[PDB]
Amino acid sequence: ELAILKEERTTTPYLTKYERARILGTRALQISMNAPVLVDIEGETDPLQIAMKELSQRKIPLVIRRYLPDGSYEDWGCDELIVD
Amino acid sequence: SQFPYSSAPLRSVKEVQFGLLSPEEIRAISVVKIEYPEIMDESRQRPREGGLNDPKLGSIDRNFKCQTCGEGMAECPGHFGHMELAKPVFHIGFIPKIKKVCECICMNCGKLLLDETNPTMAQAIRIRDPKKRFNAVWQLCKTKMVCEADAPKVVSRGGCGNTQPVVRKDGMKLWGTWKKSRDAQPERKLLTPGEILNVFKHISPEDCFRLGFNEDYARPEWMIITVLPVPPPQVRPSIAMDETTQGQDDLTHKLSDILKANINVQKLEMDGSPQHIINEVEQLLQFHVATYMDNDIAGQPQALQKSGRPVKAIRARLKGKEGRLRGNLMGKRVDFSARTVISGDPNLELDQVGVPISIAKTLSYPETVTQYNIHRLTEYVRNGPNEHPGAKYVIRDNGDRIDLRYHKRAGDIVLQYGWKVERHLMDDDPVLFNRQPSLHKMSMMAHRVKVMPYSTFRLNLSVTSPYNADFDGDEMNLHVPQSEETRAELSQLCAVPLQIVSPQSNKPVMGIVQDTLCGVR
Amino acid sequence: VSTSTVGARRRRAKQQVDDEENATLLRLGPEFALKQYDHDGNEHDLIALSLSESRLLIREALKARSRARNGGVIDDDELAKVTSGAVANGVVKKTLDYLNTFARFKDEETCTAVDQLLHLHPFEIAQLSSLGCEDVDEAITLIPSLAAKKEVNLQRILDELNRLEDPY
Amino acid sequence: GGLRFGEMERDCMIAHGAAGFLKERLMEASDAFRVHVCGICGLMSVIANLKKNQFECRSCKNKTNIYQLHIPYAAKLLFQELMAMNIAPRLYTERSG
Amino acid sequence: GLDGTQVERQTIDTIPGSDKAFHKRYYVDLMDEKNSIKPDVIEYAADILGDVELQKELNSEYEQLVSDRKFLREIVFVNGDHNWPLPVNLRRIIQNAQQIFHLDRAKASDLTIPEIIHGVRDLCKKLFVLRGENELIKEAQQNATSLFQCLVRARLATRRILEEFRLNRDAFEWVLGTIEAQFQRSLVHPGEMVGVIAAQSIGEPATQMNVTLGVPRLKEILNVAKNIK
Amino acid sequence: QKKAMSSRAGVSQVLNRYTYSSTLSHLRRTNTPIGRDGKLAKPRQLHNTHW
Amino acid sequence: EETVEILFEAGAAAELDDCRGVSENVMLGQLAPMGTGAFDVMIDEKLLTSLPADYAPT
Amino acid sequence: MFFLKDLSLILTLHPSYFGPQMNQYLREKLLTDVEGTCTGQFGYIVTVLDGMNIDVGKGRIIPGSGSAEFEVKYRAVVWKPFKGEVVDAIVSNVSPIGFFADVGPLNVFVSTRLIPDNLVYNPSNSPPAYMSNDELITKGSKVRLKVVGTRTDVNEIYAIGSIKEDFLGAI
Amino acid sequence: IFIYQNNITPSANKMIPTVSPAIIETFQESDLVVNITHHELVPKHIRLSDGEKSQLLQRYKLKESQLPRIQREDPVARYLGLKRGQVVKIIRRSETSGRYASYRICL
RNA sequence: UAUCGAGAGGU
DNA sequence: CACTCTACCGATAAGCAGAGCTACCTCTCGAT
DNA sequence: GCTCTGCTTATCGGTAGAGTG
Ligand SMILES: Nc1ncnc2c1ncn2[C@@H]1O[C@H](COP(=O)(O)CP(=O)(O)OP(=O)(O)O)[C@@H](O)[C@H]1O
Ligand SMILES: [Mg+2]
Ligand SMILES: [Zn+2]
Ligand SMILES: [Zn+2]
Ligand SMILES: [Zn+2]
């Protein structure tokens, strides 16, 4: 009902600075609780570092639910949002 | 995690429905009736049942669990009582609104003095907002000085024909003057709270709506007080001046005054009542119930403590810079904070802050134990709270903290994955740094810690400008984020380098200054 | 823990004592009103199930779940083992044996025949099918709600129901 | 004592868009409190024994529709102070329009 | 739709100058040989003169620049101010392309004229502030970027690209790609608390500062005073 | 004491002894009891007659 | 400003407060609908399915 | 009395469960948690319909905890008894204080004061039963009773019956 | 449209809403000596059709109460005879974008 | 490890 | 058909009372 | 102790209409 179909999405295809900070922090927390990591972990083992590696490879398994003023929303995966 | 488990689902608040507490509801939520003004049993220790500190109201003592909910003082929210009033009194906040409703309805049967047959009045009922509707209605009915029995054959609207009073406010009293039929003699009688209460209960549900009130939540007779909700001791705690000397809160004394004054209204109407005394004793109950809620009533003396200072009523608890909202809710004092004198350092990066060792050993960050940091964190635990880099607490998955000051076998602690170690503040931890007055967002920026000797916070000279800082005694404040999520907000949104250009004037707010600027020329 | 579609019921000034559940007076409480709502907000009549209906749904659902777990490849004691946990094995086994020994219309052919015969409150429709009866006198006693509805055929209903009822 | 994170520091965090940090400062780092409310009447009138696992709003005769909230202690205080003045501030966990 | 940190003062070059100086900088005449593009700056110089179909493009370019000049001079900036904060610093993008691609010389460009006019015209359709095909969205999007398009067209005109900046095909495609990327980066981000930022940006200077001025005048405005001094 | 409000505060003060100069100044101080509510400026200015 | 008068009027007129403002959520100790709070974060079940099968919950 | 009820369950998932079989885990978890349990509000949840196709939705990450909250909506067959409701049953035990009768999920107690007077408990008989002349209530006897009281433990519900009325008794 | 010279008595002013669905509008003859819509600072207001308004509300997913407002007594609203619920579109100079379309709905 | 005030100060 | 004579709603001020008055930080001292 | 605004009371006509010669 409230959900907006993928083909009719009008919001920005770039990850916002606010979405990035929340995604990195949220994913960091989940990693420190031993969530399955989707990238190889080499020498950089801090939760934030692993989360930043997953971000750079479009591998953070989270979805942004962007609410519009009327209450409807577009779900965007972090795999599909453009990272600078 | 510091909260003991509860099976009730955790949710956030999405809506606040305001309204008035009906007399029935006040009694339905109460856990004890408050009757006796003597706080103590008989100065023989323990609180008097039915008294203002009845233990059913809740526990504020470290060794007594609440006799209503069984929880310790930490969990117990406090529970309300109720106090029946011998005579109905006005709510001090609502007198001017009561006056408006009186001028709207017939003071005999309780009918809206105008009907939907009146075109302008029919327009006023159309207004969706309750507050605006009430005003549009009151602007019409104020001048209608007779309850019409007939619609404007004879079609009757249910009126009773009585003339309406001209209502005037005189302090906590409402006076109504009826004009007996040209000019003759008018007789102003007092509109007691009880009289108005009964008239208000006869307002129809349909007329309740047209007046902007609400049949379930804001019924107009609930503006008259017949039963008072007695707040628990959490709202009005006692304090001990010298260990063995304890005084009561201003609210506790004021409720005692209401209870005493209530008993004397019961003592008159049943025996020695010289009338001019019944009016003086009832007026005094109105006084205590009014100044208990609002002690800045214009035009009359303030209620005073025996010390001479005015009583701290509930209204004064909430208003002003120091009140409940601006002083406790929009801002408040916080843990994991620090403050000291600032100094400049030519040998620090722009985004660093030099933090005295003593501060870095007092502040802490709770790092979750994983396979990748368990060895590192055990080393901190062995060093303990007084040696840097060290640690202050070990937090179990259950929430139990292990205090590393008092653990003599700290070397025999084994950390489990998922535990937390509250380690000392350490190099490159992000922290929020701040100089007052906080005029714009770069008055609060995230810096990377560098732990350093001596007792000042160190700043790169080029961050002095956005902080408007210098080193003539200025002090600055540091705040430590406590989670992976709040660390990331600091490093990814608030960090100094992200702030070099400000949206204020699409230009930098930091540059080369002082020695470096003189020298570079 | 587990909750349903019916929500709200915020506090009102006036209480109510038309609430005590009495199956004789058709007072089934706040959860089993005549008009229910599904998980999309659409209005829907209450789904009351006779013993015979319920036997079909429960048995179908249990063997359909077993087939789905087998990628797409009979007895009640075996059919109840599809559930997860000894508490569920218990309630389901006790429910099937009860339905196995009191469901008159033990196949969907007869069941749809009873469905069309009956299609009047949804609670009564399930009672008439579950409780075998001889005469109208026994039906208006055990189901005192059929009193003031004034539209029988009841007897040929019971006669057809009893005729449709297979031997045992 | 702790430093005062005042209204102007609040405004700075709003400008930063640091919602998580501001929430944390004003809850976990200060007066975070858990209360139980009644799902029907919205008041903090619930009697909750946690070792007995029993909850009840006696006014509504309700033992099942009950929620816990995390709010500032000073918010619990504010709401109890409003109740003491006959104002009902009902905290609901669902909208209605 | 822009973030305050992302704009810089830039000159919109179709605004100043006389009509003669304007025409001298922007007009290309493929008929009059001495008013055409210099032959030593392009390789295809021979196949240029006389081409009426290529002159139709250069006319549509110059007519657009005249519209811009008329729009900017009669509606937006009547007093002639042509230096204004705008996103994406074009001077830096060009001088980086001149350095990255070694656009020194005295070397003829391999960049054809239709590539310039269509490249730039297609660029101004990819500067998405608002997305969606709705008629109102497309209108809002065109209004939102009108001024910036004028800035771009005033710089990336055929004559200037070839005579003045001396871009080749590799550099010109890079400038287009960079402009598109930097414009996206200059959009304000949803979630931005522009209210408090507005409040602090106006309030902070006031704390450090015959008609009434300064704080007493600010107070007259904000309070909507009925009797000003 | 019973009239602590409406009475003027700060008429008597603890004698400053931080250093000798501060004691001398404290014994020679004067106070204008106007307030802090109602800003104005006129009584705060250095008037010519202060010479 | 006018803190107590606002709240008295709100009771007497049964005002419904939808808690969408920044100040509401700050005083309720809730993540405010601003910046990092202007959206929700969901778990991407589709992207998790690219993990090997031995990562599966038991 | 059987119904189809539209229910839902809030499931919170720890991040270590954020793996490739997450949705299937939640569907199994719903069944393990809901099937066979009893509540006074809905009754016994007997079986869940279409368990392998339940739509678990998307998990909302809880701010500050990392864990995800799913609302698993489903439809089940539920059984709740009612005061006044007549039902059939199978007696499980007979004792001097009456008999116990299995009505599906739960067990109903009928006391001696709610048994007609001519039905007399006979321990010497084999097997023991409440007997009359043309009546016989031993273990395994189909009986038709009326639920006259429902008591709720939120774990198992307790119902007391009666055959002290018309058309009720052995069948 | 009734142009008066000095005043309209409040009693006669009540004869104005008693005459629907016909609409009476009053103007003081003084107030019309200069046409205010010719001023530099007053951009061109254009009333939206009933269809155009609906198109606007859907594009922004707006309730009517969420548009910026113009008072019924606004000089330009009176000039256009705007009634409650009607929307004007206003195309306006902008120093950041050149052109900007503002919408207001009449109270 | 009190509360209510007052006074003097720091940037 | 020319007069007043009073019941209306404007539009007046008109007087009034209260509401508000930067941020954070230090220390001493007296009364309850 | 000082500025502001809004809200609650008197004065001002102003008509606008029956009673009038
Ligand atoms: N009473 C006060 N209220 C609020 N902020 C104050 C204040 N007194 C000082 N400040 C803060 O401290 C700053 C004053 O700095 P000072 O050291 O007092 C003067 P300056 O203008 O920096 O240097 P100068 O001594 O070279 O003239 C103010 O700009 C403000 O940041
Ligand atoms: Mg300084
Ligand atoms: Zn308690
Ligand atoms: Zn009346
Ligand atoms: Zn309740």
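Protein chains in written order, with PDB author numbering: chain A, 71 to 154; chain B, 2 to 153, 161 to 189, 194 to 533; chain C, 3 to 75, 84 to 129, 137 to 185; chain D, 1126 to 1222; chain E, 873 to 1081, 1095 to 1114; chain F, 462 to 512; chain G, 1406 to 1463; chain H, 1 to 171; chain I, 108 to 214.
For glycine and all other residues, C-beta sits at the position ideal for the given N, C-alpha and C.
Practice item. Give, in chain order, every residue of the stretch 94-111 of chain A whose Cβ lies closer than 7 Å to some Cβ of chain H. Key: Cβ contacts with chain H: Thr96, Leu99, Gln100, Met103, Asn104, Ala105, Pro106.
Point to revise | Supposed contact pair B/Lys101 and D/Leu1151 - C-beta distance, whole angstroms, cut 8 Å | key: Wrong, their Cβ atoms sit about 39 Å apart, outside the cutoff.
Point to revise | Cβ distance (whole Å) where E/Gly873 is taken to contact E/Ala1016 below 8 Å | key: Contact holds; Cβ gap of about 5 Å.
Check your understanding: Using the beta-carbon count (16 or more within 10 Å), is C/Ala143 buried or exposed?
Key -> buried
Check your understanding: Between B/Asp527 and ligand 1, is the CB less than 7 Å from at least one heavy atom?
Key -> Checking the Cβ of B/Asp527 against ligand 1 gives no.
**Study point:** First and last residue of the uninterrupted beta strand (DSSP E) at E/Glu880
**Key:** 879-883
Check your understanding: What three-state label does DSSP hand B/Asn291 in the structure shown?
Key -> helix
Check your understanding: Three-state secondary structure (DSSP) at B/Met438?
Key -> Looking at B/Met438 - three-state DSSP - the assignment turns out to be coil, as it is neither helix nor strand.
Review point. If you draw a straight line from the alpha carbon of I/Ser156 to that of A/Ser142, how long is it in whole angstroms?
Key: 27 Å
Practice item. Specify the secondary structure class of H/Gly169 as computed by DSSP and reduced to three states. Key: Reduced to three states, the DSSP call for H/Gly169 is strand.
Review point. What is the rounded straight-line gap between the Cα of H/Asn23 and the Cα of G/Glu1450?
Key: 8 Å
Check your understanding: In three-state DSSP terms, what is B/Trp431?
Key -> coil
Exercise for review: Counting only the same chain and skipping the five closest in sequence on each side, list residues whose C-beta sits under 8 Å from that of C/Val169.
Suggested key: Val153
**Study point:** Distance between beta carbons of H/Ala89 and H/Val143, contact taken as under 8 Å
**Key:** Contact flag correct, Cβ pair sits at about 5 Å.
Review point. If you draw a straight line from the C-alpha of B/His214 to the C-alpha of H/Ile115, how long is it?
Key: 54 Å
Exercise for review: Answer yes or no: does any C-beta atom of chain H fall closer than 8 Å to that of B/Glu497?
Suggested key: yes
Practice item. Can you grab the Cα-Cα spacing for the pair A/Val107 / A/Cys148, in whole Å? Key: 15 Å
Check your understanding: Which same chain residues, not among the five before or five after B/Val367, have their C-beta less than 6 Å away from its C-beta?
Key -> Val461, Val463
Check your understanding: So, H/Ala101 versus H/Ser111, is the Cβ gap smaller than 8 Å?
Key -> no
**Study point:** Exposure of D/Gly1222, with buried meaning 16 or more beta-carbon neighbours within 10 Å
**Key:** exposed
Review point. Out of curiosity, what's the CA-to-CA distance linking F/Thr480 and F/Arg490?
Key: 16 Å
Review point. From which residue to which residue does the beta strand (DSSP E) around H/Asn122 run?
Key: Element bounds for H/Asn122: 120-122.
Point to revise | Test: H/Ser8 CB closer than 8 Å to a CB of chain C | key: When Cβ-Cβ separations below 8 Å define contact, H/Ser8 makes contact with chain C.
Check your understanding: Is B/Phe65 helix, strand or coil when you go by DSSP?
Key -> coil
**Study point:** E/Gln927 versus E/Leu921 - alpha carbon distance
**Key:** A direct Cα-to-Cα measurement between E/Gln927 and E/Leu921 gives close to 9 Å.
Review point. If the cut is a Cβ gap below 8 Å, which residues of chain F does B/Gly320 touch?
Key: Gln462, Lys463, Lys464, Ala465, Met466
Review point. The beta strand (DSSP E) spanning C/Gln38 covers which residue range?
Key: C/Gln38 -> beta strand (DSSP E) spans 37-39.
Point to revise | Cβ-based burial, D/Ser1170 [other Cβ within 10 Å; buried from 16] | key: Per the 10 Å Cβ criterion, buried.
Exercise for review: Can you tell me which of the three DSSP states B/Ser450 falls into?
Suggested key: Three-state DSSP puts B/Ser450 in coil, outside helix and strand.
Point to revise | Amino acids of chain B, ordered along the chain, whose beta-carbon sits closer than 9 Å to that of C/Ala63 | key: Within 9 Å Cβ-Cβ: nothing; C/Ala63 doesn't reach chain B, min ~28 Å.
Check your understanding: Smallest Cα separation from residue 218 of chain I: which of E/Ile947, E/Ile985, E/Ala978, E/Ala969?
Key -> Shown here, chain I extends from 108 to 214; a query on residue 218 of chain I therefore has no answer.
Practice item. For the stretch 221-244 of chain B, enumerate the residues whose C-beta is nearer than 8 Å to any C-beta of chain C, in chain order. Key: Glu227, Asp228, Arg231
Point to revise | Terminal residues of the beta strand (DSSP E) in which B/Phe4 lies | key: Taken as a continuous stretch (DSSP letters only), B/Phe4 belongs to no beta strand (DSSP E), as it is neither H nor E.
Practice item. List the residues of chain H whose Cβ lies closer than 8 Å to the Cβ of D/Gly1142, in chain order. Key: Per Cβ cutoff of 8 Å: no residues; D/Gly1142 is ~14 Å from chain H at best.
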